[PDB]
Structure formats: structure tokens, C-alpha cells
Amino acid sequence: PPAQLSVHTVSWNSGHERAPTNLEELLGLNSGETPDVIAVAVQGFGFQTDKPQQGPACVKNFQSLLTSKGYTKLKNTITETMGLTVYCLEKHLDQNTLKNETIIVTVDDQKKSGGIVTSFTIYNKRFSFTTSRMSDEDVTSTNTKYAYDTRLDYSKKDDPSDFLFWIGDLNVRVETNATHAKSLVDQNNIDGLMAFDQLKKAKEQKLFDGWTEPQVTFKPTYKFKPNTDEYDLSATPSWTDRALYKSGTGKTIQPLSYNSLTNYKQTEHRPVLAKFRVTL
């Protein structure tokens, strides 16, 4: 069994938009890296039913790029508002110990908010990937707007997973006015604007307890005028798509890079790509 494995994650609050043609950039494969595990999370509208019939292009296009690099799709899960797919290189899998398992958590009677957790074991180490989705208006188990539920947190099991990732738009925003936020963006004072970000507030309320976000050096990923790099200042610029990590068992998880993908500009939010090296 290997000393270390690499994991790439991407999430995007893509809304109504279809999957795009250059997936190598999206998955962080454009400089020839070969991650052991890839997870892709989307938030948007109407996936499961699929009235635009983009399901088949999703499958066609992802399966065509990834199967020829040695990936097996462990699971794709879709709801009306979320999608989560996890891929792993074929060479790591053993059917007798993989114990591939997904749950879906619903918090409302329309099944629009909640999350997905997909877990599996390779080399006797358990990985869990979560995505989640919450509305501002929702009544919730936390009495906050944040996309946390303890059922989605596999570090709060009696037998916590070894490597945990939570990816998606957490419904965490920047709590200041648009003018001040845009001034801090224009000055590139990322840490100054992050001071107003709600993740620390969620953690003060004991949500996302013990979860770490890699250092953010990129500008807010929302809200943009589509096809441009111009902020739509009808919303305070915020960091929407996030990647969080933790270990339940004291394993080292080292972020290598964490960045927004500004070249993908076709919508209001920009995708966020994180790359990690984990030590077994």
C-alpha cells in the first residue's frame, strides 16, 4: 500500500448551465497530473429530471476523457439541485473491501435542500465526500442558513472516516456591504475581506467543527456578469464554492493548491478546484 494518494475536487454552483468542453482544466489535469481520486460537485436546477437532456452529454463527455486515463466512476448521484460524482483509478480498487456507499439527506418536503455523502475504502482507509445545498429561506436543524447537517458529517460517527472532503456552495457569504467588499477586492486584500466571511461564524455556532479550508488567495467567485470578469454588485462579492477537509483518525491531508478557475466564465459563479496530498 502507497505512502500517499492525490485527490482533486471541483465544485461549481453552475445553476442552469451545461457541462463544458474542456474538462481537463476543470479537473486539474491540464498540466499532466494524474490524481488518484477525483470528485465533482455541482449545484443548480433540475438535474434529476433533466428537461434540457444534458445527462447523456455529461456521461458521454466525462466517461470519454476519464476512462482512458485509468478512472473508474464509483458513483454519480443526482437530485433536483445537487450532483456528486466520485472517480478513482481502477488500479486501487478491491471489491471485497471497497464498501462503496452513498446516502442522501433531505431537509425539506420538496427535497431541494440537504446533501449527499459518498464513501469508499481503498488500502483499508475510508474516504468520504460530501456536498450540500441550503436555501436562505429554509427552516433547518441548525436554525441557520448554512448548508451543514450533522448527518452529512462523517467525522461525527463513532467510527469516523480517515479522509473527509466537503465540496460545494455552503451558503456561506461575505457579511458586509458591496461597496466595501468591492474596494477590498480592488486592493487585493483577500484576507481583509475574508474577515467578513461567514464560515468562521458557522464554526462559532459549532457547524463544520474541525473542518479546515485551505488558504484562500483568490478573489470572490460570485457574483459575476456572465462571460465577463465584472462583478454584479447587486450581491456582495462572496466565496460561494468551497472545499473543506478533515481526518477523523489523525491522517495528514495537505492542500497543494486551491483556486478558482476564472477561465470558466460562462456563469455567475466560478468553479473552485482543490488539490490535496493525503498520507496513509
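Counting begins at 1, following the sequence as shown.
- On average the C-alpha atoms of 224-232 have higher B-factors than those of the other stretch, with 224-232 and 34-42 being the two compared.
- Just going by the entry, 128-136 versus 76-84 on mean CA temperature factor gives the higher value to 76-84.
- Across the options 48, 238, 212, 254, the residue with the most elevated CA B-factor in the record is 48.
- Of the candidates 263, 259, 9, 13, the deposited coordinates give 263 the top C-alpha B factor.
- Among all modelled residues in this chain, the alpha-carbon of residue 114 has a temperature factor (C-alpha) in the middle third.
- Annotation for residue 123: C-alpha temperature factor in the highest third relative to the rest of the modelled chain, per the entry.
- Sorting the modelled residues of the chain by their CA temperature factor places residue 90 in the highest third.
- Residue 71: CA B factor lies in the highest third for its chain, per the PDB record.
- Placement of the Cα temperature factor of residue 179 within the chain: lowest third of the modelled residues, per the deposited record.
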